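Trainee: Input structure: input_25.cif, which contains mmCIF, C-alpha atoms and all ligand atoms.
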```
data_query
#
loop_
_atom_site.group_PDB
_atom_site.id
_atom_site.type_symbol
_atom_site.label_atom_id
_atom_site.label_comp_id
_atom_site.auth_asym_id
_atom_site.auth_seq_id
_atom_site.Cartn_x
_atom_site.Cartn_y
_atom_site.Cartn_z
ATOM 1 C CA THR C 6 152.654 74.045 69.022
ATOM 2 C CA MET C 7 154.822 70.908 69.000
ATOM 3 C CA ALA C 8 152.197 68.829 70.796
ATOM 4 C CA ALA C 9 150.104 65.972 69.383
ATOM 5 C CA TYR C 10 146.957 67.159 67.705
ATOM 6 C CA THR C 11 143.681 65.262 68.229
ATOM 7 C CA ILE C 12 140.287 65.459 66.558
ATOM 8 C CA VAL C 13 137.177 63.542 67.559
ATOM 9 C CA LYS C 14 134.194 62.989 65.262
ATOM 10 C CA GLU C 15 130.775 61.351 65.756
ATOM 11 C CA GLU C 16 128.238 60.505 63.098
ATOM 12 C CA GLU C 17 125.347 58.056 62.618
ATOM 13 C CA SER C 18 125.057 55.645 59.685
ATOM 14 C CA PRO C 19 122.135 53.619 58.356
ATOM 15 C CA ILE C 20 124.569 50.689 57.900
ATOM 16 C CA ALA C 21 124.558 48.024 60.666
ATOM 17 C CA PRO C 22 127.729 48.158 62.750
ATOM 18 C CA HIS C 23 128.933 44.612 62.057
ATOM 19 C CA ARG C 24 129.105 45.519 58.350
ATOM 20 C CA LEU C 25 130.576 48.975 58.909
ATOM 21 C CA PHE C 26 133.251 47.549 61.295
ATOM 22 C CA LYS C 27 134.363 44.950 58.738
ATOM 23 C CA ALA C 28 134.408 47.481 55.926
ATOM 24 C CA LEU C 29 136.140 50.287 57.813
ATOM 25 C CA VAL C 30 138.532 48.248 59.991
ATOM 26 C CA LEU C 31 138.957 44.504 59.765
ATOM 27 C CA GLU C 32 138.631 44.008 56.041
ATOM 28 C CA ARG C 33 139.218 47.565 54.946
ATOM 29 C CA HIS C 34 142.197 46.300 52.892
ATOM 30 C CA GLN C 35 139.760 44.147 50.865
ATOM 31 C CA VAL C 36 137.024 46.846 50.446
ATOM 32 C CA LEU C 37 138.852 50.058 49.549
ATOM 33 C CA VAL C 38 139.501 49.081 45.900
ATOM 34 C CA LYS C 39 135.879 48.015 45.535
ATOM 35 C CA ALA C 40 134.456 51.202 47.079
ATOM 36 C CA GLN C 41 136.978 53.723 45.634
ATOM 37 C CA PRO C 42 138.744 52.109 42.662
ATOM 38 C CA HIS C 43 139.527 55.615 41.365
ATOM 39 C CA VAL C 44 141.697 56.230 44.448
ATOM 40 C CA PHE C 45 143.060 52.855 45.600
ATOM 41 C CA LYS C 46 145.027 50.372 43.552
ATOM 42 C CA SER C 47 145.536 47.607 46.137
ATOM 43 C CA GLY C 48 145.172 46.638 49.777
ATOM 44 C CA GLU C 49 146.814 43.617 51.376
ATOM 45 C CA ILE C 50 148.076 42.165 54.596
ATOM 46 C CA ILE C 51 151.871 42.136 54.582
ATOM 47 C CA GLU C 52 152.399 40.808 58.157
ATOM 48 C CA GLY C 53 150.215 39.045 60.697
ATOM 49 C CA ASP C 54 146.996 37.075 60.636
ATOM 50 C CA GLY C 55 144.254 39.678 60.486
ATOM 51 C CA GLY C 56 144.236 40.437 64.190
ATOM 52 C CA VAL C 57 146.320 42.488 66.584
ATOM 53 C CA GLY C 58 149.820 43.115 65.206
ATOM 54 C CA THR C 59 148.682 42.893 61.567
ATOM 55 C CA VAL C 60 150.325 45.335 59.156
ATOM 56 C CA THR C 61 148.490 46.242 55.961
ATOM 57 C CA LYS C 62 149.841 47.991 52.883
ATOM 58 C CA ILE C 63 147.496 50.172 50.818
ATOM 59 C CA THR C 64 148.645 51.686 47.584
ATOM 60 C CA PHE C 65 147.116 54.491 45.602
ATOM 61 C CA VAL C 66 146.363 54.522 41.884
ATOM 62 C CA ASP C 67 148.698 56.123 39.355
ATOM 63 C CA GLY C 68 148.154 59.850 39.034
ATOM 64 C CA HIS C 69 147.095 60.155 42.687
ATOM 65 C CA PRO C 70 149.456 62.475 44.617
ATOM 66 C CA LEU C 71 150.048 59.756 47.263
ATOM 67 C CA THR C 72 151.831 56.385 46.838
ATOM 68 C CA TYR C 73 151.335 53.997 49.785
ATOM 69 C CA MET C 74 150.555 53.702 53.477
ATOM 70 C CA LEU C 75 151.290 51.036 56.089
ATOM 71 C CA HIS C 76 148.935 50.680 59.097
ATOM 72 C CA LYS C 77 149.254 48.370 62.103
ATOM 73 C CA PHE C 78 146.357 47.009 64.205
ATOM 74 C CA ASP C 79 147.073 47.834 67.859
ATOM 75 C CA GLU C 80 143.896 46.682 69.594
ATOM 76 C CA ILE C 81 140.798 44.913 68.311
ATOM 77 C CA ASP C 82 137.608 44.193 70.216
ATOM 78 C CA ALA C 83 135.256 43.066 67.498
ATOM 79 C CA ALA C 84 132.255 42.369 69.767
ATOM 80 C CA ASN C 85 132.310 46.005 70.905
ATOM 81 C CA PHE C 86 133.206 47.282 67.435
ATOM 82 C CA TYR C 87 136.379 48.893 68.713
ATOM 83 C CA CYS C 88 139.757 49.142 67.085
ATOM 84 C CA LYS C 89 142.914 51.188 67.664
ATOM 85 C CA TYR C 90 145.307 51.253 64.672
ATOM 86 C CA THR C 91 148.293 53.367 63.632
ATOM 87 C CA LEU C 92 149.367 54.823 60.319
ATOM 88 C CA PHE C 93 153.096 54.503 60.788
ATOM 89 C CA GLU C 94 154.643 54.770 57.304
ATOM 90 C CA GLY C 95 153.927 56.379 53.967
ATOM 91 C CA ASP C 96 154.464 59.508 51.879
ATOM 92 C CA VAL C 97 151.253 61.001 53.251
ATOM 93 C CA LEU C 98 153.163 61.564 56.549
ATOM 94 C CA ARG C 99 155.631 63.792 54.644
ATOM 95 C CA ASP C 100 158.579 64.811 56.852
ATOM 96 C CA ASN C 101 156.906 66.212 59.938
ATOM 97 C CA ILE C 102 154.497 63.517 61.156
ATOM 98 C CA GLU C 103 155.774 60.426 63.018
ATOM 99 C CA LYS C 104 152.441 58.525 63.031
ATOM 100 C CA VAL C 105 148.694 59.009 63.161
ATOM 101 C CA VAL C 106 146.794 56.956 65.731
ATOM 102 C CA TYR C 107 143.103 56.119 65.116
ATOM 103 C CA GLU C 108 140.450 54.774 67.446
ATOM 104 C CA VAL C 109 137.160 53.653 65.943
ATOM 105 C CA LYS C 110 134.128 52.745 68.090
ATOM 106 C CA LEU C 111 130.680 51.833 66.774
ATOM 107 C CA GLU C 112 127.465 50.737 68.389
ATOM 108 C CA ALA C 113 124.079 49.625 67.124
ATOM 109 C CA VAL C 114 121.309 52.235 66.926
ATOM 110 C CA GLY C 115 118.114 50.600 65.681
ATOM 111 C CA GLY C 116 119.077 49.047 62.324
ATOM 112 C CA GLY C 117 122.129 51.280 61.763
ATOM 113 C CA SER C 118 125.095 52.562 63.788
ATOM 114 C CA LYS C 119 126.482 55.434 65.775
ATOM 115 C CA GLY C 120 130.233 55.857 65.145
ATOM 116 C CA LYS C 121 132.944 57.797 66.947
ATOM 117 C CA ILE C 122 136.513 58.141 65.597
ATOM 118 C CA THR C 123 139.415 59.793 67.372
ATOM 119 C CA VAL C 124 142.458 60.768 65.272
ATOM 120 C CA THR C 125 145.777 61.827 66.860
ATOM 121 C CA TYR C 126 148.546 63.291 64.773
ATOM 122 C CA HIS C 127 151.962 62.879 66.421
ATOM 123 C CA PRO C 128 154.627 65.255 65.111
ATOM 124 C CA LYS C 129 158.318 64.276 65.140
ATOM 125 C CA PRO C 130 160.492 66.059 67.683
ATOM 126 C CA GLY C 131 161.255 69.546 66.443
ATOM 127 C CA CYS C 132 158.283 69.465 64.100
ATOM 128 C CA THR C 133 154.700 70.665 64.224
ATOM 129 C CA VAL C 134 151.350 69.512 62.900
ATOM 130 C CA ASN C 135 150.074 71.761 60.154
ATOM 131 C CA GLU C 136 146.326 72.407 60.483
ATOM 132 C CA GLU C 137 145.622 72.942 56.777
ATOM 133 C CA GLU C 138 147.331 69.628 56.029
ATOM 134 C CA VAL C 139 145.139 67.957 58.669
ATOM 135 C CA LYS C 140 142.071 69.577 57.169
ATOM 136 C CA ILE C 141 142.806 68.274 53.687
ATOM 137 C CA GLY C 142 143.631 64.789 54.907
ATOM 138 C CA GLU C 143 140.466 64.675 57.000
ATOM 139 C CA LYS C 144 138.303 65.903 54.084
ATOM 140 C CA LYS C 145 139.660 63.039 51.986
ATOM 141 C CA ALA C 146 139.198 60.573 54.845
ATOM 142 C CA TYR C 147 135.580 61.689 55.136
ATOM 143 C CA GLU C 148 135.090 61.168 51.375
ATOM 144 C CA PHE C 149 136.407 57.579 51.740
ATOM 145 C CA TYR C 150 134.096 56.992 54.676
ATOM 146 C CA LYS C 151 131.016 58.238 52.872
ATOM 147 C CA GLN C 152 131.898 56.326 49.695
ATOM 148 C CA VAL C 153 132.363 53.090 51.650
ATOM 149 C CA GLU C 154 128.962 53.741 53.226
ATOM 150 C CA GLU C 155 127.435 54.323 49.715
ATOM 151 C CA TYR C 156 129.080 51.117 48.482
ATOM 152 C CA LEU C 157 127.670 49.076 51.405
ATOM 153 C CA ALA C 158 124.214 50.562 50.824
ATOM 154 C CA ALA C 159 124.365 49.714 47.088
ATOM 155 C CA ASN C 160 125.584 46.153 47.928
ATOM 156 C CA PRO C 161 123.541 45.048 50.939
ATOM 157 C CA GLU C 162 124.849 41.477 50.918
ATOM 158 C CA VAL C 163 128.438 42.572 51.530
ATOM 159 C CA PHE C 164 129.524 41.661 55.092
ATOM 160 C CA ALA C 165 125.873 41.029 55.955
HETATM 161 CL CL CL E 201 155.728 44.929 46.821
#
```
Please re-express this file's structure in structure tokens.
Mentor:
Amino acid sequence: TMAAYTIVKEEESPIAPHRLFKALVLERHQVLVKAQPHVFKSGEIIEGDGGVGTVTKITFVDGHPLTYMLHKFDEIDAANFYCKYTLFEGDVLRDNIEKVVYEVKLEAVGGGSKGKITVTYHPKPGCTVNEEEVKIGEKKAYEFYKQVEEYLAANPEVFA
């Protein structure tokens, strides 16, 4: 009940993985305002050079329930379309979550991709991970994912 809580998800995309990996990982801070300008106000690198160790800050628009998030890149293997990164700060963590650790892995399937993401919610000591909260966060994450995919399909030159 006070353990970390992990979900794994796999889905195929018609988008080629080099584009999806830039949009969803490496340059996500530069795409999220373009793909979801009704949710995200800004995305920027606040520390680092783009690679391992980089911290990004994403802020939400006014009127959104959330305010900002900081993520750090832990591991990047761009040739294999793999990244581990950690959401380590922000109001979305509320009081009970220490960090959320993400692993993304894509591979080419014909002209598109197969993607796998693992998400691990780490509660603070003496706290628990609330499943309804995870469900709502994951629904919203899945909306972002699908709207990035719809943006890349509508704008085929981007990251091509
Ligand atoms: Cl600032």
Trainee: Can you tell me which residues surround range 57-65 of chain C at a distance of at most 10 Å, considering all atoms listed in the file, apart from same-chain residues fewer than 5 positions away, and format the answer as a count of residues only?
Mentor: 37
Trainee: Taking 3 positions as the minimum chain separation for residues in the same chain, which residues sit within 12 Å of residue 142 in chain C when counting all atoms listed in the file? Answer as a ChimeraX atom specification.
Mentor: /C:71,97-98,105,124,126,135-139,145-149
Trainee: Could you tell me how far CA of residue 143 in chain C sits from CA of residue 162 in chain C, in Å to one decimal place?
Mentor: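 Computing it gives 28.6 Å between the two atoms.
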Trainee: Quick one, how far is CA of residue 17 in chain C from CA of residue 160 in chain C?
Mentor: 18.9 Å
Trainee: Given the choices C:115, C:156, C:8, C:22, which gets closest to residue 129 in chain C if the distance is worked out from all atoms listed in the file?
Mentor: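 Smallest separation from residue 129 in chain C among the options: C:8.
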Trainee: Edge lengths and centre in Å to one decimal, as lines of an AutoDock Vina configuration file, is what I'm after for the box along x, y and z that holds all listed atoms of range 85-99 of chain C once 4 Å is added on each side.
Mentor:
```
center_x = 144.0
center_y = 54.9
center_z = 61.4
size_x = 31.3
size_y = 25.8
size_z = 27.0
```
Trainee: Find the residue from C:40, C:121, C:157, C:104 that sits nearest to residue 134 in chain C; use only C-alpha atoms when measuring.
Mentor: C:104
Trainee: Give me, please, the distance in Å between CA of residue 9 in chain C and CA of residue 131 in chain C, quoted to one decimal.
Mentor: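 So the two atoms, CA of residue 9 in chain C and CA of residue 131 in chain C, lie 12.1 Å apart.
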Trainee: Taking the file as shown, find all residues satisfying the PyMOL selection byres (((chain C and resi 118) around 7) and not hetatm) and write them as a VMD selection string.
Mentor: chain C and resid 17 to 22 111 to 114 117 119 to 120
Trainee: So which one's closest to residue 24 in chain C, C:128, C:83, C:99, C:7? Using only C-alpha atoms, please.
Mentor: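 Comparing C:128, C:83, C:99, C:7 against residue 24 in chain C, the winner is C:83.
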